[PDB]
J.: 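I am attaching a structure below and will ask some questions about it afterwards.
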Amino acid sequence: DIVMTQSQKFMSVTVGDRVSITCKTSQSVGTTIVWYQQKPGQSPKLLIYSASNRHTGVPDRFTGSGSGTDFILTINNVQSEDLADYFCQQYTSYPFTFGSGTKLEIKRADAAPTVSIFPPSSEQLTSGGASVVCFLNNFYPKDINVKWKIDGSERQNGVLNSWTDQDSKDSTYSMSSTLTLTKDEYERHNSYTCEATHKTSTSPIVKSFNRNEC
Amino acid sequence: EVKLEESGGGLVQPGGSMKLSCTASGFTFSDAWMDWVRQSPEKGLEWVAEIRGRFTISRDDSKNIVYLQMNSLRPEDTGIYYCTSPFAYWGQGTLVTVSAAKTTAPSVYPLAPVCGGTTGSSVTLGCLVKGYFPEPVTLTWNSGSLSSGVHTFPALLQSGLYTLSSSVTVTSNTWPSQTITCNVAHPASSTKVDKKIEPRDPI
Ligand SMILES: [Zn+2]
Ligand SMILES: [Zn+2]
């Protein structure tokens, strides 16, 4: 099957700006390209077909272009109601595969994450479990990396990272990182560290604790 | 006007079967291409034909109904299944959840700051909700009185059970004088829990 690649998963825009969303097909598809817009909780909605033919009712701010393998959806004078996921699609060969999607987001000034770390609660330890939680709140841009360390060594398995959607008020992101351990594992090791790497600092933000300390 | 409407979704166990229906109106049914597309966060938008035996499309003998018979389902088949007459016409989508979990109440744990005393201008507290099924749970702080500075994170599947957390941030001169409590409710298990956040003490 033909692979449709949208390299950008997230794009930040300012209202009134021009934005270009790229789509690349793994095979030559002429101009058999469809673009969709999807708002949360709704089905995709048709914007453009045959690469550049705008569907009825769609504002002329939306323009589709390209031919062969490289296509572009351009949104001129972007408005707040244009915030959504955008998907390309080819119909040269069935299955008519969809692109991976590009979400439009709001641009704002850079903001460092507020990091706080939380050892397992007393009540969880009594139940026989041990989870270490790290919140990274109110940062921009979205791009961020979290590393867990136990006694100086990086720990990769047992880690789940959950992002919030962009905030409607301040346009920031927040992230939750949870290291799940067994009780016997938590009680053997000493130092637990949450390291956040973000473009707002050359050095990573480090929050840690020792199990036996207070 | 064209109307497409799915039905027959819900919970089903691994290795089980489920048949979705989609009723159509506004056009001559047999003159139209009718197909199924699913959406998940992992795989994105997929035509049912891309998943391949396990997913078979059929139509009713007489009525304006297209069916999707799904067999030998796996957890990865969880997602929203859309009926469509390409390219412009889509149904609302119906959720299919493939899981072997029994109804399980959440364990709710309070997350007070590090015992050392992080202090500073602000202080961040947490509430961990672990090991529940099915979705959803509702989480508030102080009966919903404390809405500002709150981040409730989407639930993720951990093993075969859901887990989510929530953070709340306030000025250092409020907590612990002002009481802070996360209220968690899980309709499916008929459980409503209130966990007060209290400072940690030495072991
Ligand atoms: Zn026809
Ligand atoms: Zn046509």
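Order of appearance sets the numbers: ligands from 1, and atoms from 1 within every ligand. Because only heavy atoms are used, hydrogens play no part in the values below, and waters and symmetry mates are left out as well, while side chains stay in. Just so we're on the same page: letters track the sequence lines, and every chain starts at 1.
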J.: Show every side-chain hydrogen bond (donor to acceptor under 3.5 Å, both in side chains) that has at least one partner inside residues 45-55 of chain A, sequence neighbours left out.
T.: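 The answer is A/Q37-A/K45, A/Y49-A/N53, A/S50-A/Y91.
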J.: Could you tell me whether A/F135 and B/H151 have their ring centroids closer than 6.0 angstrom?
T.: no
J.: Listing by chain and number, which protein N, O or S atoms are under 2.8 Å from the Zn ion (ligand 1)?
T.: B/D31 O
J.: Taking the six-membered ring where the residue is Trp, are the ring centres of A/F98 and A/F87 under 6.0 Å apart?
T.: no
J.: Sequence neighbours excluded and cut-off under 3.5 Å, please list the side-chain donor-acceptor pairs for residues 109-118 of chain A, or say none.
T.:
unit_1: A/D110; atom_1: OD2; unit_2: A/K199; atom_2: NZ; d: 3.0

J.: Give a yes or no on this: more than 12 heavy atoms of other residues, nucleotides or ligands lie within 6.0 Å of atom NZ of A/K39.
T.: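 Yes, enclosed.
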J.: List for me each residue that meets ring-ring contact (aromatic ring centres under 6.0 Å, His included) alongside A/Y173, sequence neighbours excluded, and say none if there are none.
T.: none
